[PDB]
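Trainee: One structure, pasted below without further comment.
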Amino acid sequence: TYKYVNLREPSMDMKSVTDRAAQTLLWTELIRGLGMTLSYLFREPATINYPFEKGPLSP
Amino acid sequence: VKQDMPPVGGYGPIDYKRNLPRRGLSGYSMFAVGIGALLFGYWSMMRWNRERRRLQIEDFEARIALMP
């Protein structure tokens, strides 16, 4: 069973080419990347204050 | 008795599939948004520049009438 990647074609419809043109000239996906990184900004980071909180272990 | 680690009655399902929201906005309408904001700014810009030309001609009249 094989499931290969990267086999599409650019659809020459007006909708698809104006969506790719908006992607190019309007920086949309870069704003999407910034949105993902700020979505991890407003979380709470999983650090431990070390010399007071030692890490977990196994027996 | 026997006390290993089995699956307890069979576990629930596990997701693995890809997902993208494809949002979106139907980008031709987003061009319309950009051109609308652009022309909005040009309209207000035109109005403020012509009113400031009026006041600048008033300052011209000030320097003219004060001069002799």
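Protein chains in written order, with the entry's author numbering: chain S8, 1 to 59; chain AM, 5 to 72. Built from N, CA and C at the ideal position, the CB exists for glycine as well.
Does DSSP put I68 (chain AM) in a helix, in a strand, or in coil?
Mentor: In the second sequence, residue 68 (chain AM) corresponds to position 64, counting from 1. In this structure, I68 (chain AM) counts as helix in the three-state DSSP scheme.
Trainee: Could you tell me whether the Cβ of residue 64 (chain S8) comes closer than 8 Å to any Cβ of chain AM?
Mentor: A question about residue 64 (chain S8) goes unanswered here, because the residues of chain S8 that appear run from 1 up to 59.
Trainee: Alpha helix (DSSP H) containing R32 (chain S8): first to last residue?
Mentor: Translated into positions along the first sequence, residue 32 (chain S8) becomes position 32. Counting along the chain, the alpha helix (DSSP H) containing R32 (chain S8) begins and ends at 28-41.
Trainee: Ends of the alpha helix (DSSP H) at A22 (chain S8)?
Mentor: The residue you call residue 22 (chain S8) lines up with position 22 of the first sequence. Element bounds for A22 (chain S8): 14-25.
Trainee: Can you give the Cα-Cα distance for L43 (chain AM) and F35 (chain AM), rounded to whole angstroms?
Mentor: Numbered from its first residue, the second sequence carries residue 43 (chain AM) at position 39. Numbered from its first residue, the second sequence carries residue 35 (chain AM) at position 31. One C-alpha to the other measures close to 12 Å.
Trainee: What does the Cβ neighbour count give for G35 (chain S8), buried or exposed, with the cut at 16 atoms within 10 Å?
Mentor: The residue labelled residue 35 (chain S8) in the question sits at position 35 within the first sequence. Label assigned to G35 (chain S8): exposed.
Trainee: Would you mind telling me which residues of chain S8 sit closer than 7 Å to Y20 (chain AM), beta carbon to beta carbon, in chain order?
Mentor: Along the second sequence, read from residue 1 onward, the residue named residue 20 (chain AM) stands at position 16. The premise fails here: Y20 (chain AM) is roughly 12 Å from chain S8 at the closest Cβ pair, so nothing lies under 7 Å.
Trainee: According to the neighbour-count rule (16 or more other Cβ atoms, all chains shown, within 10 Å of its Cβ), is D19 (chain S8) buried or exposed?
Mentor: Position 19 of the first sequence, counted from the start, is the residue given in the question as residue 19 (chain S8). Its Cβ being crowded by 16 or more others within 10 Å, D19 (chain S8) is buried.
Trainee: Residues of chain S8 with CB closer than 9 Å to the CB of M34 (chain AM), please, in chain order.
Mentor: On the second sequence, residue 34 (chain AM) is found 30 positions in, with the first residue counted as 1. Result: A22, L26, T28.
Trainee: I believe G40 (chain AM) touches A22 (chain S8) by the beta-carbon criterion, under 8 Å. Please report the beta-carbon distance rounded to the nearest angstrom.
Mentor: As a position in the second sequence, residue 40 (chain AM) is number 36, starting the count at 1. As a position in the first sequence, residue 22 (chain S8) is number 22, starting the count at 1. Not confirmed; about 15 Å, so no contact.
Trainee: Pick out whichever of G38 (chain AM), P17 (chain AM), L24 (chain AM) has its Cα sitting closest to the Cα of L26 (chain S8).
Mentor: Locating residue 26 (chain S8) in the first sequence gives position 26, where the first residue counts as 1. Nearest C-alpha to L26 (chain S8): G38 (chain AM).
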